Each structure stands twice: as C-alpha cells, then as structure tokens.
file protein.pdb (PDB, C-alpha atoms)
ATOM      1  CA  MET A   1      98.638 102.468  86.276
ATOM      2  CA  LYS A   2      95.420 104.499  86.168
ATOM      3  CA  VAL A   3      93.820 105.366  89.506
ATOM      4  CA  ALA A   4      90.429 106.850  90.311
ATOM      5  CA  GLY A   5      88.818 108.695  93.189
ATOM      6  CA  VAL A   6      85.111 109.005  94.029
ATOM      7  CA  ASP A   7      83.264 111.394  96.350
ATOM      8  CA  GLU A   8      79.869 113.079  96.641
ATOM      9  CA  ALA A   9      78.329 116.453  97.366
ATOM     10  CA  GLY A  10      74.834 117.135  98.685
ATOM     11  CA  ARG A  11      74.245 114.293 101.129
ATOM     12  CA  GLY A  12      72.344 116.269 103.773
ATOM     13  CA  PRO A  13      70.325 119.076 102.099
ATOM     14  CA  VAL A  14      66.558 118.878 101.635
ATOM     15  CA  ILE A  15      66.792 120.747  98.310
ATOM     16  CA  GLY A  16      68.616 119.560  95.204
ATOM     17  CA  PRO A  17      70.265 116.413  93.824
ATOM     18  CA  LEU A  18      73.055 114.283  95.240
ATOM     19  CA  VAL A  19      76.141 114.650  93.052
ATOM     20  CA  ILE A  20      78.680 111.849  92.585
ATOM     21  CA  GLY A  21      82.054 112.908  91.251
ATOM     22  CA  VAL A  22      84.764 110.699  89.743
ATOM     23  CA  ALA A  23      88.328 111.699  88.840
ATOM     24  CA  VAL A  24      90.817 109.584  86.857
ATOM     25  CA  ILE A  25      94.586 110.036  86.514
ATOM     26  CA  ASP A  26      97.831 108.142  86.005
ATOM     27  CA  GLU A  27      99.606 107.365  89.276
ATOM     28  CA  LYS A  28     102.722 108.939  87.731
ATOM     29  CA  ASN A  29     101.023 112.332  87.456
ATOM     30  CA  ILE A  30      99.719 112.675  91.026
ATOM     31  CA  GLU A  31     102.423 115.310  91.444
ATOM     32  CA  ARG A  32     100.228 117.562  89.255
ATOM     33  CA  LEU A  33      97.317 117.412  91.690
ATOM     34  CA  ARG A  34      99.633 118.256  94.570
ATOM     35  CA  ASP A  35     101.027 121.192  92.617
ATOM     36  CA  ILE A  36      97.607 122.735  91.884
ATOM     37  CA  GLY A  37      96.645 122.185  95.530
ATOM     38  CA  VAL A  38      93.449 120.109  95.360
ATOM     39  CA  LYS A  39      93.621 119.622  99.134
ATOM     40  CA  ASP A  40      92.968 123.317  99.839
ATOM     41  CA  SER A  41      89.858 123.886  97.722
ATOM     42  CA  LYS A  42      87.331 124.223 100.547
ATOM     43  CA  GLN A  43      89.297 127.191 101.857
ATOM     44  CA  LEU A  44      88.783 129.036  98.574
ATOM     45  CA  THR A  45      85.912 131.112  97.231
ATOM     46  CA  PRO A  46      83.818 129.333  94.581
ATOM     47  CA  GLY A  47      85.549 131.768  92.233
ATOM     48  CA  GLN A  48      89.027 130.377  92.807
ATOM     49  CA  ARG A  49      87.493 126.914  93.113
ATOM     50  CA  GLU A  50      85.961 127.250  89.652
ATOM     51  CA  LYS A  51      89.371 128.174  88.253
ATOM     52  CA  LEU A  52      90.750 125.177  90.164
ATOM     53  CA  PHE A  53      88.022 123.017  88.609
ATOM     54  CA  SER A  54      89.028 124.214  85.136
ATOM     55  CA  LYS A  55      92.699 123.401  85.706
ATOM     56  CA  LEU A  56      91.722 120.018  87.186
ATOM     57  CA  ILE A  57      89.739 118.962  84.128
ATOM     58  CA  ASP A  58      92.686 119.590  81.807
ATOM     59  CA  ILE A  59      95.018 117.566  84.034
ATOM     60  CA  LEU A  60      92.868 114.504  84.722
ATOM     61  CA  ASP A  61      92.834 111.688  82.178
ATOM     62  CA  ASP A  62      89.059 111.575  82.669
ATOM     63  CA  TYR A  63      86.270 112.689  84.993
ATOM     64  CA  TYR A  64      82.591 111.811  85.440
ATOM     65  CA  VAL A  65      79.549 113.374  87.105
ATOM     66  CA  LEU A  66      76.287 111.654  88.057
ATOM     67  CA  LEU A  67      73.284 113.593  89.374
ATOM     68  CA  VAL A  68      70.894 111.645  91.606
ATOM     69  CA  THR A  69      67.506 113.405  91.701
ATOM     70  CA  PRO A  70      65.390 114.043  94.832
ATOM     71  CA  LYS A  71      62.657 111.781  93.367
ATOM     72  CA  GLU A  72      65.205 108.945  93.199
ATOM     73  CA  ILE A  73      66.255 109.654  96.763
ATOM     74  CA  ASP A  74      62.638 109.653  98.011
ATOM     75  CA  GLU A  75      61.771 106.356  96.279
ATOM     76  CA  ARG A  76      64.811 104.476  97.645
ATOM     77  CA  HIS A  77      64.181 100.967  99.002
ATOM     78  CA  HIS A  78      67.254 101.156 101.232
ATOM     79  CA  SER A  79      69.199 103.614 103.404
ATOM     80  CA  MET A  80      71.071 106.625 102.069
ATOM     81  CA  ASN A  81      74.366 104.813 102.785
ATOM     82  CA  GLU A  82      73.342 101.876 100.574
ATOM     83  CA  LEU A  83      72.082 104.345  97.991
ATOM     84  CA  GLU A  84      75.343 106.313  97.857
ATOM     85  CA  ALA A  85      77.319 103.090  97.467
ATOM     86  CA  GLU A  86      75.130 101.879  94.599
ATOM     87  CA  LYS A  87      75.435 105.231  92.835
ATOM     88  CA  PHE A  88      79.210 105.175  93.378
ATOM     89  CA  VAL A  89      79.058 101.884  91.476
ATOM     90  CA  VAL A  90      76.852 103.302  88.712
ATOM     91  CA  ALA A  91      79.344 106.120  88.028
ATOM     92  CA  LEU A  92      82.410 103.859  88.218
ATOM     93  CA  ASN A  93      80.843 101.431  85.728
ATOM     94  CA  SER A  94      80.353 104.306  83.259
ATOM     95  CA  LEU A  95      84.020 105.303  82.935
ATOM     96  CA  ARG A  96      85.657 105.269  79.487
ATOM     97  CA  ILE A  97      89.070 104.932  81.126
ATOM     98  CA  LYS A  98      88.870 102.144  83.694
ATOM     99  CA  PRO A  99      91.098 102.183  86.819
ATOM    100  CA  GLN A 100      92.784  99.298  88.664
ATOM    101  CA  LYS A 101      92.853 101.114  92.003
ATOM    102  CA  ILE A 102      89.869 103.052  93.287
ATOM    103  CA  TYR A 103      89.887 105.280  96.354
ATOM    104  CA  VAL A 104      86.735 106.422  98.104
ATOM    105  CA  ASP A 105      85.728 108.223 101.288
ATOM    106  CA  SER A 106      83.531 105.891 103.333
ATOM    107  CA  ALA A 107      82.115 108.750 105.428
ATOM    108  CA  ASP A 108      80.162 107.191 108.307
ATOM    109  CA  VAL A 109      80.180 103.567 107.143
ATOM    110  CA  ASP A 110      82.706 100.859 107.995
ATOM    111  CA  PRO A 111      85.531 100.961 105.373
ATOM    112  CA  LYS A 112      85.804  97.215 104.675
ATOM    113  CA  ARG A 113      82.058  97.004 104.143
ATOM    114  CA  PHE A 114      81.758 100.119 101.976
ATOM    115  CA  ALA A 115      84.652  98.889  99.829
ATOM    116  CA  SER A 116      83.217  95.365  99.471
ATOM    117  CA  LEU A 117      79.923  96.886  98.358
ATOM    118  CA  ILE A 118      81.617  98.773  95.530
ATOM    119  CA  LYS A 119      83.930  95.921  94.558
ATOM    120  CA  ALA A 120      80.915  93.603  94.355
ATOM    121  CA  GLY A 121      79.041  96.039  92.105
ATOM    122  CA  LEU A 122      81.884  96.846  89.704
ATOM    123  CA  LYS A 123      81.594  95.226  86.275
ATOM    124  CA  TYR A 124      85.397  95.055  86.039
ATOM    125  CA  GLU A 125      88.096  93.832  88.446
ATOM    126  CA  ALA A 126      89.816  96.413  90.643
ATOM    127  CA  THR A 127      91.125  97.097  94.130
ATOM    128  CA  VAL A 128      88.878  99.380  96.149
ATOM    129  CA  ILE A 129      90.422 101.391  98.946
ATOM    130  CA  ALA A 130      87.833 102.917 101.260
ATOM    131  CA  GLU A 131      88.888 105.136 104.169
ATOM    132  CA  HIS A 132      87.437 107.763 106.471
ATOM    133  CA  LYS A 133      88.746 111.232 105.623
ATOM    134  CA  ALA A 134      90.163 109.872 102.360
ATOM    135  CA  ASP A 135      89.299 113.217 100.747
ATOM    136  CA  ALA A 136      92.037 114.835 102.806
ATOM    137  CA  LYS A 137      94.455 111.920 102.575
ATOM    138  CA  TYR A 138      94.318 111.130  98.831
ATOM    139  CA  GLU A 139      94.857 113.760  96.110
ATOM    140  CA  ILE A 140      92.691 111.907  93.591
ATOM    141  CA  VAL A 141      89.798 111.828  96.084
ATOM    142  CA  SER A 142      90.217 115.561  96.816
ATOM    143  CA  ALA A 143      90.041 115.931  93.041
ATOM    144  CA  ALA A 144      86.762 114.002  92.898
ATOM    145  CA  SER A 145      85.384 116.147  95.741
ATOM    146  CA  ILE A 146      85.996 119.395  93.816
ATOM    147  CA  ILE A 147      84.301 117.941  90.737
ATOM    148  CA  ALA A 148      81.213 117.041  92.804
ATOM    149  CA  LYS A 149      80.982 120.309  94.763
ATOM    150  CA  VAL A 150      81.480 122.665  91.794
ATOM    151  CA  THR A 151      78.976 120.646  89.783
ATOM    152  CA  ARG A 152      76.463 120.742  92.634
ATOM    153  CA  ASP A 153      76.796 124.470  93.322
ATOM    154  CA  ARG A 154      76.325 125.186  89.612
ATOM    155  CA  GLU A 155      73.091 123.178  89.613
ATOM    156  CA  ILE A 156      71.957 124.946  92.795
ATOM    157  CA  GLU A 157      72.477 128.410  91.345
ATOM    158  CA  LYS A 158      70.514 127.233  88.293
ATOM    159  CA  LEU A 159      67.601 126.029  90.440
ATOM    160  CA  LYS A 160      67.330 129.332  92.328
ATOM    161  CA  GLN A 161      66.962 131.180  89.040
ATOM    162  CA  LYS A 162      63.874 129.083  88.354
ATOM    163  CA  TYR A 163      62.419 128.650  91.840
ATOM    164  CA  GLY A 164      63.778 131.688  93.653
ATOM    165  CA  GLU A 165      66.072 132.277  96.611
ATOM    166  CA  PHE A 166      65.541 129.184  98.782
ATOM    167  CA  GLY A 167      68.716 129.593 100.807
ATOM    168  CA  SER A 168      71.436 126.977 101.182
ATOM    169  CA  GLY A 169      68.954 124.147 100.824
ATOM    170  CA  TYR A 170      69.847 122.706 104.222
ATOM    171  CA  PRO A 171      67.183 121.987 106.871
ATOM    172  CA  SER A 172      68.768 124.285 109.469
ATOM    173  CA  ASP A 173      68.743 127.276 107.077
ATOM    174  CA  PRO A 174      65.985 129.729 108.164
ATOM    175  CA  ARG A 175      65.461 130.920 104.587
ATOM    176  CA  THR A 176      65.142 127.319 103.392
ATOM    177  CA  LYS A 177      62.554 126.520 106.070
ATOM    178  CA  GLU A 178      60.515 129.598 105.146
ATOM    179  CA  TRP A 179      60.768 128.972 101.389
ATOM    180  CA  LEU A 180      59.455 125.415 101.824
ATOM    181  CA  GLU A 181      56.617 126.578 104.093
ATOM    182  CA  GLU A 182      55.598 129.354 101.686
ATOM    183  CA  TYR A 183      55.732 127.047  98.662
ATOM    184  CA  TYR A 184      53.566 124.338 100.229
ATOM    185  CA  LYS A 185      51.111 126.950 101.491
ATOM    186  CA  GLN A 186      50.797 128.495  98.032
ATOM    187  CA  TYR A 187      50.774 125.306  95.953
ATOM    188  CA  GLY A 188      49.551 122.517  98.228
ATOM    189  CA  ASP A 189      52.615 120.340  97.566
ATOM    190  CA  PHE A 190      56.358 120.515  96.744
ATOM    191  CA  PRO A 191      58.211 120.929  93.412
ATOM    192  CA  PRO A 192      60.529 118.177  92.100
ATOM    193  CA  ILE A 193      63.613 119.782  93.682
ATOM    194  CA  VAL A 194      62.503 118.914  97.231
ATOM    195  CA  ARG A 195      63.296 115.605  98.944
ATOM    196  CA  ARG A 196      59.871 114.873 100.421
ATOM    197  CA  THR A 197      61.374 112.161 102.619
ATOM    198  CA  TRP A 198      63.478 114.670 104.558
ATOM    199  CA  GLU A 199      61.980 115.243 108.038
ATOM    200  CA  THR A 200      61.769 119.014 107.446
ATOM    201  CA  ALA A 201      59.610 118.536 104.340
ATOM    202  CA  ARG A 202      57.514 115.718 105.784
ATOM    203  CA  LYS A 203      56.659 117.850 108.821
ATOM    204  CA  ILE A 204      55.565 120.885 106.788
ATOM    205  CA  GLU A 205      53.286 118.473 104.910
ATOM    206  CA  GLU A 206      51.621 117.206 108.097
ATOM    207  CA  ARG A 207      51.171 120.705 109.516
ATOM    208  CA  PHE A 208      49.510 121.681 106.229
ATOM    209  CA  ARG A 209      46.992 118.906 106.843
ATOM    210  CA  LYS A 210      44.906 121.485 108.732
ATOM    211  CA  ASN A 211      47.257 122.597 111.515
TER     212      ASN A 211
END
call {"tool": "encode", "arguments": {"input": "protein.pdb", "output": "structure tokens"}}
result
Amino acid sequence: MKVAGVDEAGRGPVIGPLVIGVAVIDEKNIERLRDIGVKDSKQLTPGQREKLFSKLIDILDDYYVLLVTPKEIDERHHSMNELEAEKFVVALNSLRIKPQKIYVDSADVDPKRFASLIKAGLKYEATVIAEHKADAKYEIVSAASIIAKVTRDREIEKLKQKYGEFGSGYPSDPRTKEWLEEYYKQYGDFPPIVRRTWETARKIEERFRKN
C-alpha cells in the first residue's frame, strides 16, 4: 500500500514561514529510503542534504510542500499546536496520491490526540500513526523532514537576499535581535517576514513606544 509521512520545519523562529513537508511512497520501497540514509540528514551539510533531497524526490511516489506565512501565524485563533495540526491536514488533503497509513511526529502534544485531530480533518479514510520522535523511527517521516528543512532553508536564503543578513531567524540569535531592532527603529514597524506575535518582536514594539 501507499504510506505517507508528515513533518514541519520552522516552528520556533521569529523570522520566516512554517514549512509543512509530506512524503509519499509504496511500503514495498521503504528499503530505498534506508539505502539513501534519510535518517542521517541532519548530520550533513546543506550541500550533501540538497543532493539527498534531489535523490529523495526521484524515489518518492509523491511529495508536497505547504508554506504557512508569518501573517497567518500571527492571526491564528488557536495555539501553535492546533495550527500545526490543521496545516498538517491541509497538506494531506492536497495529495494527488492518497495514502492509507500516515505517520507523523507529534512533537510536544499527546500522540492519541494529535492523531485524532488529523484523522478528523482528513477528507479521506486512513490510519494515522502519531508518535514522539517519529522522525527518527520512521524512514518516511525522516523523508518528510528533509523535504521541509531543505524547502525552508531555500526560502530563508531567498529572504536574506531581499532583506539582508538577519541571522538564523531565531530569537536567541544576537544578529536576529539586532536586525529586528534596527528595522523597527528605521521603519517604525516590521516587514511581512516577521511574526509580530513572537515575544521578541512584541517587546521591541513596546520599547519603541518611547522607551
């Protein structure tokens, strides 16, 4: 049967979109993912990882990427956990090759609940297997993780060419903190790439209010 994996990249940064990645393959060809070594991608330079990405795409029966913008994140009526689960559903419902078994990494949320959330949102019937650290346990989920990370890094590099060197985009990054402070000071607000709801951004805003 056809199986799918889903994972995301960019959950914690203040800069950039949240990327949902989906990978689809026939259970009979999982051997191929093991052979290319999808489980050891994080220990490779984005150079090798890009080559891994390219090999991945030719092997998978199908793959899908969904970019969730910072504006979408900031206007959410629920928590980030609920938001990631609904976007997992959006991407899964867009597949052209539907799977009967779906594996996902539940991250910090209870597995049974995260899985029920996705099963309830799916427009087609399938078994959803949610597990912590599924990205290390299941090849197809590791595959989805690579898709999401490579896609996200590509978008990041593209954004820096337009907005400049803003660091990693994470709140703890000194360069990121300075870039956001300088931007707000020069323009009086933030560009669309910033998640205004992130504490780091919100605080710079307040300080700007004469302080």
call {"tool": "resolve_selection", "arguments": {"input": "protein.pdb", "expression": "the PyMOL selection byres ((chain A and resi 28-34) around 9)", "output": "short mmCIF file (atom, residue, chain, number, x, y, z; two decimals) with C-alpha atoms, keeping the file's coordinate frame"}}
result
data_model
loop_
_atom_site.label_atom_id
_atom_site.label_comp_id
_atom_site.auth_asym_id
_atom_site.auth_seq_id
_atom_site.Cartn_x
_atom_site.Cartn_y
_atom_site.Cartn_z
CA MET A 1 98.64 102.47 86.28
CA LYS A 2 95.42 104.50 86.17
CA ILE A 25 94.59 110.04 86.51
CA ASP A 26 97.83 108.14 86.00
CA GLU A 27 99.61 107.36 89.28
CA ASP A 35 101.03 121.19 92.62
CA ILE A 36 97.61 122.74 91.88
CA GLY A 37 96.64 122.18 95.53
CA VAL A 38 93.45 120.11 95.36
CA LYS A 39 93.62 119.62 99.13
CA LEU A 56 91.72 120.02 87.19
CA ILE A 59 95.02 117.57 84.03
CA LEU A 60 92.87 114.50 84.72
CA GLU A 139 94.86 113.76 96.11
CA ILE A 140 92.69 111.91 93.59
CA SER A 142 90.22 115.56 96.82
CA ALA A 143 90.04 115.93 93.04
#
call {"tool": "resolve_selection", "arguments": {"input": "protein.pdb", "expression": "the PyMOL selection byres ((chain A and resi 50) around 12)", "output": "compact mmCIF listing (two decimals) with C-alpha atoms, keeping the file's coordinate frame"}}
result
# COMPACT_ATOMS: atom_id res chain seq x y z
CA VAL A 38 93.45 120.11 95.36
CA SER A 41 89.86 123.89 97.72
CA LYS A 42 87.33 124.22 100.55
CA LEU A 44 88.78 129.04 98.57
CA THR A 45 85.91 131.11 97.23
CA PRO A 46 83.82 129.33 94.58
CA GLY A 47 85.55 131.77 92.23
CA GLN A 48 89.03 130.38 92.81
CA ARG A 49 87.49 126.91 93.11
CA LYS A 51 89.37 128.17 88.25
CA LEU A 52 90.75 125.18 90.16
CA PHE A 53 88.02 123.02 88.61
CA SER A 54 89.03 124.21 85.14
CA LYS A 55 92.70 123.40 85.71
CA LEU A 56 91.72 120.02 87.19
CA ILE A 57 89.74 118.96 84.13
CA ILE A 146 86.00 119.40 93.82
CA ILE A 147 84.30 117.94 90.74
CA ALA A 148 81.21 117.04 92.80
CA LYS A 149 80.98 120.31 94.76
CA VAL A 150 81.48 122.66 91.79
CA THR A 151 78.98 120.65 89.78
CA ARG A 152 76.46 120.74 92.63
CA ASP A 153 76.80 124.47 93.32
CA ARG A 154 76.32 125.19 89.61
call {"tool": "resolve_selection", "arguments": {"input": "protein.pdb", "expression": "the PyMOL selection byres ((chain A and resi 89) around 12)", "output": "ChimeraX atom specification"}}
result
/A:6-7,20-22,66,82-88,90-95,102,104,114-124,128
call {"tool": "closest_residue", "arguments": {"input": "protein.pdb", "among": "A:103, A:167, A:110, A:187", "to": "residue 136 of chain A", "atoms": "only C-alpha atoms"}}
result
A:103
call {"tool": "residues_around", "arguments": {"input": "protein.pdb", "residues": "residue 71 of chain A", "least_positions_apart": "4", "cutoff": "7 Å", "atoms": "all atoms listed in the file", "output": "PyMOL selection string"}}
result
chain A and resi 75+192+195
call {"tool": "closest_residue", "arguments": {"input": "protein.pdb", "among": "A:198, A:65, A:3, A:14", "to": "residue 179 of chain A", "atoms": "all atoms listed in the file"}}
result
A:14
call {"tool": "residues_around", "arguments": {"input": "protein.pdb", "residues": "residue 67 of chain A", "least_positions_apart": "6", "cutoff": "8 Å", "atoms": "only C-alpha atoms", "output": "PDB file with C-alpha atoms, in the frame of the given file"}}
result
ATOM      1  CA  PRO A  17      70.265 116.413  93.824  1.00  0.00           C
ATOM      2  CA  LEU A  18      73.055 114.283  95.240  1.00  0.00           C
ATOM      3  CA  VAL A  19      76.141 114.650  93.052  1.00  0.00           C
ATOM      4  CA  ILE A  20      78.680 111.849  92.585  1.00  0.00           C
TER       5      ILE A  20
END
call {"tool": "build_atoms", "arguments": {"input": "protein.pdb", "residues": "segment 50-80 of chain A", "atoms": "N, CA and C atoms", "output": "JSON list (two decimals), in the coordinates of the input"}}
result
[["chain", "number", "residue", "atom", "x", "y", "z"],
["A", 50, "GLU", "N", 86.38, 127.49, 91.02],
["A", 50, "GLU", "CA", 85.96, 127.25, 89.65],
["A", 50, "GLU", "C", 87.19, 127.23, 88.75],
["A", 51, "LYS", "N", 88.14, 128.12, 89.03],
["A", 51, "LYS", "CA", 89.37, 128.17, 88.25],
["A", 51, "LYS", "C", 90.17, 126.90, 88.54],
["A", 52, "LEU", "N", 90.06, 126.40, 89.77],
["A", 52, "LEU", "CA", 90.75, 125.18, 90.16],
["A", 52, "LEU", "C", 90.13, 124.02, 89.38],
["A", 53, "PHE", "N", 88.80, 124.02, 89.33],
["A", 53, "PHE", "CA", 88.02, 123.02, 88.61],
["A", 53, "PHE", "C", 88.49, 122.97, 87.15],
["A", 54, "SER", "N", 88.59, 124.13, 86.53],
["A", 54, "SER", "CA", 89.03, 124.21, 85.14],
["A", 54, "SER", "C", 90.42, 123.64, 84.92],
["A", 55, "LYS", "N", 91.34, 123.92, 85.84],
["A", 55, "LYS", "CA", 92.70, 123.40, 85.71],
["A", 55, "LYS", "C", 92.68, 121.88, 85.90],
["A", 56, "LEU", "N", 91.87, 121.43, 86.86],
["A", 56, "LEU", "CA", 91.72, 120.02, 87.19],
["A", 56, "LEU", "C", 91.34, 119.19, 85.97],
["A", 57, "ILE", "N", 90.27, 119.63, 85.31],
["A", 57, "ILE", "CA", 89.74, 118.96, 84.13],
["A", 57, "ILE", "C", 90.75, 118.79, 82.99],
["A", 58, "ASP", "N", 91.69, 119.71, 82.87],
["A", 58, "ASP", "CA", 92.69, 119.59, 81.81],
["A", 58, "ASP", "C", 93.78, 118.60, 82.20],
["A", 59, "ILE", "N", 93.99, 118.46, 83.51],
["A", 59, "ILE", "CA", 95.02, 117.57, 84.03],
["A", 59, "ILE", "C", 94.60, 116.10, 84.11],
["A", 60, "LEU", "N", 93.38, 115.86, 84.57],
["A", 60, "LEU", "CA", 92.87, 114.50, 84.72],
["A", 60, "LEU", "C", 92.75, 113.77, 83.39],
["A", 61, "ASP", "N", 92.97, 112.47, 83.40],
["A", 61, "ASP", "CA", 92.83, 111.69, 82.18],
["A", 61, "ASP", "C", 91.35, 111.60, 81.84],
["A", 62, "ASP", "N", 90.50, 111.64, 82.87],
["A", 62, "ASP", "CA", 89.06, 111.58, 82.67],
["A", 62, "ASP", "C", 88.32, 111.92, 83.96],
["A", 63, "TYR", "N", 87.08, 112.36, 83.83],
["A", 63, "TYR", "CA", 86.27, 112.69, 84.99],
["A", 63, "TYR", "C", 84.82, 112.38, 84.65],
["A", 64, "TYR", "N", 84.00, 112.15, 85.67],
["A", 64, "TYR", "CA", 82.59, 111.81, 85.44],
["A", 64, "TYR", "C", 81.69, 112.37, 86.54],
["A", 65, "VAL", "N", 80.51, 112.83, 86.16],
["A", 65, "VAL", "CA", 79.55, 113.37, 87.10],
["A", 65, "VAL", "C", 78.21, 112.67, 86.94],
["A", 66, "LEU", "N", 77.59, 112.32, 88.06],
["A", 66, "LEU", "CA", 76.29, 111.65, 88.06],
["A", 66, "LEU", "C", 75.38, 112.41, 89.01],
["A", 67, "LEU", "N", 74.23, 112.87, 88.52],
["A", 67, "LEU", "CA", 73.28, 113.59, 89.37],
["A", 67, "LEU", "C", 72.15, 112.66, 89.78],
["A", 68, "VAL", "N", 71.97, 112.48, 91.09],
["A", 68, "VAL", "CA", 70.89, 111.64, 91.61],
["A", 68, "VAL", "C", 69.80, 112.61, 92.07],
["A", 69, "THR", "N", 68.64, 112.53, 91.42],
["A", 69, "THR", "CA", 67.51, 113.40, 91.70],
["A", 69, "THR", "C", 66.80, 113.16, 93.03],
["A", 70, "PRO", "N", 66.11, 114.19, 93.56],
["A", 70, "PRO", "CA", 65.39, 114.04, 94.83],
["A", 70, "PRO", "C", 64.31, 112.95, 94.73],
["A", 71, "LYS", "N", 63.69, 112.81, 93.55],
["A", 71, "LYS", "CA", 62.66, 111.78, 93.37],
["A", 71, "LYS", "C", 63.27, 110.40, 93.58],
["A", 72, "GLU", "N", 64.48, 110.21, 93.05],
["A", 72, "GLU", "CA", 65.20, 108.94, 93.20],
["A", 72, "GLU", "C", 65.50, 108.70, 94.67],
["A", 73, "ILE", "N", 65.95, 109.75, 95.34],
["A", 73, "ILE", "CA", 66.26, 109.65, 96.76],
["A", 73, "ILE", "C", 65.00, 109.25, 97.56],
["A", 74, "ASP", "N", 63.88, 109.93, 97.30],
["A", 74, "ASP", "CA", 62.64, 109.65, 98.01],
["A", 74, "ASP", "C", 62.06, 108.25, 97.76],
["A", 75, "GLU", "N", 62.30, 107.68, 96.59],
["A", 75, "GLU", "CA", 61.77, 106.36, 96.28],
["A", 75, "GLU", "C", 62.74, 105.21, 96.58],
["A", 76, "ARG", "N", 63.82, 105.50, 97.31],
["A", 76, "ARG", "CA", 64.81, 104.48, 97.64],
["A", 76, "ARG", "C", 64.24, 103.34, 98.51],
["A", 77, "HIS", "N", 64.64, 102.11, 98.22],
["A", 77, "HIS", "CA", 64.18, 100.97, 99.00],
["A", 77, "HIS", "C", 65.17, 100.60, 100.10],
["A", 78, "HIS", "N", 66.22, 101.40, 100.23],
["A", 78, "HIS", "CA", 67.25, 101.16, 101.23],
["A", 78, "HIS", "C", 67.71, 102.48, 101.85],
["A", 79, "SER", "N", 68.70, 102.42, 102.74],
["A", 79, "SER", "CA", 69.20, 103.61, 103.40],
["A", 79, "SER", "C", 70.02, 104.47, 102.46],
["A", 80, "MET", "N", 70.27, 105.71, 102.87],
["A", 80, "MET", "CA", 71.07, 106.62, 102.07],
["A", 80, "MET", "C", 72.49, 106.09, 101.89]]
